[PDB]
Amino acid sequence: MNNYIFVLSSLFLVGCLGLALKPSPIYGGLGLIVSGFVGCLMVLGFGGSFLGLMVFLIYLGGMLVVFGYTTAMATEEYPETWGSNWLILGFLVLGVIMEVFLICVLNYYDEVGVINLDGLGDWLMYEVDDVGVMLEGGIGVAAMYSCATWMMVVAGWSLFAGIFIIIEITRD
Amino acid sequence: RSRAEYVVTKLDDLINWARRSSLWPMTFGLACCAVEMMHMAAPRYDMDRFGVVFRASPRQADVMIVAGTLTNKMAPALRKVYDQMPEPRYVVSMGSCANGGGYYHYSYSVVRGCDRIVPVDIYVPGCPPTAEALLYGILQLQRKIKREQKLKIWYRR
Amino acid sequence: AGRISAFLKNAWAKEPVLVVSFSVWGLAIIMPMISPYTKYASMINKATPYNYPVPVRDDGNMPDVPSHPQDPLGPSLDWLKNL
Amino acid sequence: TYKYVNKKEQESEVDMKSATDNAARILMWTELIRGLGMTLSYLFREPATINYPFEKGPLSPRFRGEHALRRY
Amino acid sequence: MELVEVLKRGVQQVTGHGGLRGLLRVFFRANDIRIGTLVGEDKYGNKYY
Amino acid sequence: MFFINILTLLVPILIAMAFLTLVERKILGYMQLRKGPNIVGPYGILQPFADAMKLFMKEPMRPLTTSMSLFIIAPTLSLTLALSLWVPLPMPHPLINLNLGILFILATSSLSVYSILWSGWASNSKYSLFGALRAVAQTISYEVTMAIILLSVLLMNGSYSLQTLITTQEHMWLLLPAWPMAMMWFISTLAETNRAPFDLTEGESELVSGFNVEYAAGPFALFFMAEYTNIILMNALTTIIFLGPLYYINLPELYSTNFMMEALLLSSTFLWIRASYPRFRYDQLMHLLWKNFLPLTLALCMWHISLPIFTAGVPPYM
Amino acid sequence: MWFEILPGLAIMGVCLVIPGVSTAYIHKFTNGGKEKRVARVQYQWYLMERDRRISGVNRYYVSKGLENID
Amino acid sequence: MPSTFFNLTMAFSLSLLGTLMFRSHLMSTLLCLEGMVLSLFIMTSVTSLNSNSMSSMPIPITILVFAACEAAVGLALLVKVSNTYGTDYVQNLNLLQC
Amino acid sequence: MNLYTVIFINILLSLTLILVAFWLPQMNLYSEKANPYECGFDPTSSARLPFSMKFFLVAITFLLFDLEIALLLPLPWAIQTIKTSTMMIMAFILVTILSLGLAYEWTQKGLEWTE
Ligand SMILES: COC1=C(OC)C(=O)C(C/C=C(\C)CC/C=C(\C)CC/C=C(\C)CC/C=C(/C)CC/C=C(/C)CC/C=C(\C)CC/C=C(\C)CC/C=C(\C)CC/C=C(/C)CCC=C(C)C)=C(C)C1=O
Ligand SMILES: CCCCCCCCCCCCCCCCCC(=O)OC[C@H](COP(=O)([O-])OCC[N+](C)(C)C)OC(=O)CCCCCCCCCCCCCCCCC
Ligand SMILES: CCCCCCCCCCCCCCCCCC(=O)OC[C@H](COP(=O)(O)OCCN)OC(=O)CCCCCCCCCCCCCCCCC
Ligand code: SF4
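Chains as they are written, first to last, in the entry's author numbering: chain J, 1 to 172; chain 6, 33 to 189; chain b, 1 to 83; chain 9, 1 to 72; chain q, 1 to 49; chain H, 1 to 318; chain a, 1 to 70; chain K, 1 to 98; chain A, 1 to 115.
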């Protein structure tokens, strides 16, 4: 229960490795969905649930549209997965081996640098308000409605101008 | 006999009960006999009451009711959708056309009975057989697959 | 105008969803500007005590703040109790 | 002779009451509700299903079934 | 009322097949518990109502 | 004891799903002037067990063109997400008490859509591809509209928890203040659960079977269980949100009974709707949810932003 | 007739009342005659942990009243 | 937290490496961009949760909003590329050298 | 811990069901059994070919609208603020801008499907 966050971070690294290795975009979207779920779990473990659930929902919608698009136009007769190419699968297992080697090197040589296996699970939650109401992560995002109205208006104008932009690009 | 033989017989009874209480035909028909087949589906006879429910895909089908004239142009398609059904599958030929060609037996473009193409479990005679007769054939098929002794034959192997 | 009313009736007959949507939008815009309870929502949210009221050091120079919670002085919530 | 199945004769003009009726029809799904009511009536009816093989559908003496050879 | 009359018809259909064993026999063979006038019985043992 | 609680949640939900299949057969039959299953068992009550046993003793299909990994992964994913969506519902006490319950519900529903999509793509068939693309369009439309609906309702409620919804409806149903968005939420749940007229993914007449046209036996059973568990799930969510059952602190059995009765009524309404209406065309579903529901949903969202402000009825944080 | 649906409806009703009633009873049994405490905020979680430390049996639901005060 | 942040930084580095090392699929390049975005979101969110910076908690949502606008415009451009060529091949997108 | 436990129990249950579904019945598979289904005839072309999308603009709009949903979702905590006038004005502006974008796309026929 100490290395739970580290296991999640390693799974996120593996998912990003597969996404970098670039299979067919169906499998790329699958890896991105798994990475988004893992990142949601990481934000959940580190603190408020709202940011993790938000990025989860956003990436579910995004990879849904991506799946529709890759079935539309970014497809091939034989879609390429991680196991179809010997070079891609070799790069996958080599990246896993390199990750294990790098975390062992940072455990041994660098001592307490970025990775410490003895200190793992000790520095996840630094300071928490033991007694207290109004502490959850969604309240800051709510404070965007009051404290950062400039942030609110630039986000809203980004979405509005984006609607106009996509209409003009796909106007044809 | 042996105690394990009794257990195997009871397991055979249970499997046969499940397979005969759940018989899903493919949504497949060719002619007037298939019109009588949907008249069996109609509220008077209620194949759904008997537990018999049409499924469109052959993958979810258990039985295939060949209801109509199997032509030469249709025979590869009929064999294909029969082969795509999973293994515990049965065939009910319906009407004189599917049985032995019927009124088109001496035609250049008619397969003289669907038993030349697929192995037929039960033949239902008529032109068309009534929905009563097709329901009778379905119940006779239920009795036939109640008679099956697969685990008992496997044990006696 | 007669033509404006005829267009509005035609819209209400043929596309009532948009008429209801625009009417609800307008009502949601104009209703807080005319309701007398609008200040009460902000006052209730201000009166909700999410944080501890940190006491102030009394130098004997402010007479307005109460010495005890059960004192007549201070922001009482009788308006909320009778709201 | 002939008749029209979908052609409408003249116009009903525009009225506030008629516009409100059409608005309520569109918004409150009135024909969908009465279709639901029709299916509900059928639910509370009696089914037309006989108990085969213990009950058989009616036939006539003219019925053509299995062949047979008779005698004097 | 008529609901109690329906319940009377139901309880006579339940207790009209001989006993509990006869009710279970007709209910698990014919899936039907209606009471009818016995028209006859053939030489093979079929009852007709 | 927690594992026993898991069992007494999971197993009765599965049995209620199977008897929902039976009750759909019976209700559709009696609305179609026939009887439905009454032979297999006393009154047909052994018919779902017969169907389950037949499907689990039929061989599965492993087509040559089919991506085996995603073909296997999709139905177990669908069933797991159905049970996971069932887990946090309060009746009146949830098995897992969450703060952002409806956000968990939305995430798990979208992941179930992904299970449908991956099944359709893995089963390398054109009808499966049609089912996947129709699922994409359907979930686009109902996702945006249902998200705004739930946002407005919980703005009236005040928090994302569901015991808070029980406390909100302690005195009155939310159907009375929020009945237009209750109707739109009901249609959204129909489209989410892929029920007629918005099924469009297991298209019986348009396609052959759609996304599960290559699935047979066991995995097909998993898909069917997931779908009907989602039916009971979404109707239970609808009656928790809008038709608040009577809650008393001294006895929660009254709440459970009232919740059961209203959920059964809503599920029977689903079967009633399937009997009554013909199927939409899947572009008409998108046009409906984007041209009629969505503008009204935005207007009502603005109205429910304004309403506690000018009525001073801002809901409590807790 | 239409009342043949009622056996399946009753089975569904029993299978729907079982999870909520059983969950409430299991919560009451595992928390000792009281409902399971909800810690939606850190203050409530701190209250639960303080009760667990106070009880002396490492169970928060064992409440201590005025018998611990002289 | 430091091991987690190092792993997130390496995840961003891998996604950037994937973006910089093209294959035939522009959609795969856009997916690598979205992976970079996801790593940035998770880093910002865990930093805000670790430092209790509720004032800076709107920043990850703003990142998601602008990045989704980026992804939307990328999908529109991929639509135009596929209408031009029939595929999303960066090897087809090459005729501006002269 | 409890949520993780029940998720794992669901995973184990579904894996057990699919495992017994694949290892319990008798296997008999051949070429015509596992050929893809095209209503009785051979498929003319592979199903991995490009398959045109007539609602792509609506999908991009769905991305933008989903992010508008993400912006609108902290409202149940935003209504607890002291300065409710600023929150109300900002929420009204956001929903009105979203509605104006939808109306502009509807006017410019972006909601209509191509061909
Ligand atoms: C005139 O010209 C012509 C035509 O033109 C008109 C033709 O058309 C034509 C072709 C003609 C035909 C093919 C004839 C076909 C007939 C018809 C079209 C009419 C029939 C009508 C219909 C098909 C409509 C039917 C409508 C309904 C509402 C019926 C309901 C049907 C359904 C599919 C939905 C119900 C679902 C099922 C039956 C399956 C459900 C059950 C399961 C999958 C079980 C799952 C459960 C589990 C796995 C649970 C397990 C878990 C547990 C815990 C259980 C515990 C277990 C233990 C053992 C303890 C011809 C030839 C023709 O010439
Ligand atoms: C859970 C609670 C109960 C929910 C309801 C459950 C029972 C009823 C179920 C009925 C069966 C539904 C099956 C699926 C039907 C699918 C079709 C469908 O619904 O289409 C939607 C139809 C679509 O209509 P349409 O598509 O026919 O219209 C044509 C539109 N064009 C031309 C643009 C294509 O209706 C709606 O969209 C209306 C949604 C509800 C609106 C409610 C408005 C109420 C009034 C608001 C306030 C008005 C006053 C404002 C203030 C004034 C002040 C002066
Ligand atoms: C077939 C493969 C399937 C893969 C996908 C699996 C999907 C699972 C079901 C859908 C999950 C959707 C995302 C859920 C994320 C967590 C939601 C949430 O809000 O959790 C918060 C909650 C407690 O937080 P809060 O509500 O704030 O309460 C604090 C005070 N009570 O709870 C917590 O904080 C608990 C944190 C952990 C919760 C998630 C546990 C997931 C377990 C792993 C599943 C996958 C395992 C790997 C694959 C196995 C082999 C296939
Ligand atoms: S046997 Fe007679 S009724 Fe049946 S398909 Fe042939 S011609 Fe038609």
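The beta-carbon is built from N, C-alpha and C at its ideal position, and this holds for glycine as well.
With distances taken between CB atoms, is the gap from residue i to residue j smaller than 9 Å?
i                : j                : result
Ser128 (chain H) : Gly210 (chain H) : yes
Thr139 (chain H) : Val17 (chain a)  : no
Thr81 (chain A)  : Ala143 (chain J) : yes
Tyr27 (chain J)  : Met1 (chain K)   : no
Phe37 (chain J)  : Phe56 (chain J)  : yes
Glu59 (chain H)  : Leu29 (chain A)  : yes
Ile232 (chain H) : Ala275 (chain H) : no
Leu15 (chain A)  : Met152 (chain J) : no
Tell me whether residue i is buried or exposed, calling it buried when 16 or more other Cβ atoms sit within 10 Å of its Cβ.
i                : result
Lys26 (chain H)  : buried
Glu143 (chain H) : buried
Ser60 (chain 9)  : exposed
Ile34 (chain b)  : exposed
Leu200 (chain H) : buried
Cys104 (chain J) : exposed
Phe63 (chain 9)  : exposed
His25 (chain K)  : buried
Name the chain J residues that come within less than 8 Å of residue i, Cβ to Cβ?
i               : result
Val73 (chain K) : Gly162, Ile165, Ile166, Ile169
Let me know the secondary structure DSSP gives residue i once reduced to three states.
i                : result
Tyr89 (chain K)  : strand
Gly37 (chain 9)  : helix
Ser125 (chain 6) : strand
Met58 (chain 6)  : strand
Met1 (chain K)   : coil
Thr5 (chain A)   : helix
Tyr247 (chain H) : coil
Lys47 (chain q)  : strand
Could you work out which residues of chain H lie near residue i, taking near to mean beta carbons separated by less than 7 Å?
i               : result
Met12 (chain a) : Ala16, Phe19, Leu20, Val23, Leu264
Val19 (chain b) : In chain order: nothing, as chain H lies at least about 10 Å away.
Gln26 (chain A) : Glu59
Taking residue i as the reference, give the member of the options with the closest Cα.
i                : options                                                                : result
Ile59 (chain K)  : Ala161 (chain J), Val154 (chain J), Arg171 (chain J), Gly162 (chain J) : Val154 (chain J)
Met43 (chain K)  : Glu34 (chain K), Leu93 (chain K), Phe5 (chain K)                       : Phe5 (chain K)
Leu251 (chain H) : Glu35 (chain a), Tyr60 (chain a), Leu66 (chain a), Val57 (chain a)     : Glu35 (chain a)
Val96 (chain J)  : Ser9 (chain J), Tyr4 (chain J), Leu17 (chain J), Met1 (chain J)        : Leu17 (chain J)
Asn2 (chain J)   : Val131 (chain J), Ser158 (chain J), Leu124 (chain J)                   : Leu124 (chain J)
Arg76 (chain 6)  : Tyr30 (chain H), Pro42 (chain H), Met318 (chain H), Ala132 (chain H)   : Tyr30 (chain H)
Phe270 (chain H) : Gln169 (chain H), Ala312 (chain H), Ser188 (chain H)                   : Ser188 (chain H)
Name the chain 6 residues that come within less than 9 Å of residue i, Cβ to Cβ?
i               : result
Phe41 (chain A) : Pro108, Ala109, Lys112
In chain 9, which residues lie less than 9 Å from residue i when you measure between Cβ atoms?
i               : result
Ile27 (chain H) : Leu43
For a contact meaning CB atoms closer than 8 Å, what does residue i contact in chain a?
i               : result
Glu46 (chain 9) : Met1
In chain J, what lies closer than 7 Å to residue i by C-beta?
i              : result
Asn7 (chain K) : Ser9, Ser10, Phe12, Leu13
What residues of chain A sit near residue i, judged by a beta carbon separation below 8 Å?
i               : result
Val65 (chain K) : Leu67, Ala70, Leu71
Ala41 (chain b) : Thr84
For residue i, go through chain H and note every residue whose CB falls closer than 9 Å to its CB, in chain order.
i               : result
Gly35 (chain 9) : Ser276, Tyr277
List the residues of chain b whose Cβ lies closer than 8 Å to the Cβ of residue i, in chain order.
i               : result
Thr81 (chain A) : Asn45
Identify the contact partners of residue i in chain q, using a Cβ-Cβ distance below 9 Å as the criterion.
i               : result
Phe54 (chain 9) : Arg29, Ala30, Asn31, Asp32
Residues of chain 6 with CB closer than 7 Å to the CB of residue i, please, in chain order.
i               : result
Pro37 (chain H) : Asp80, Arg81, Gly83
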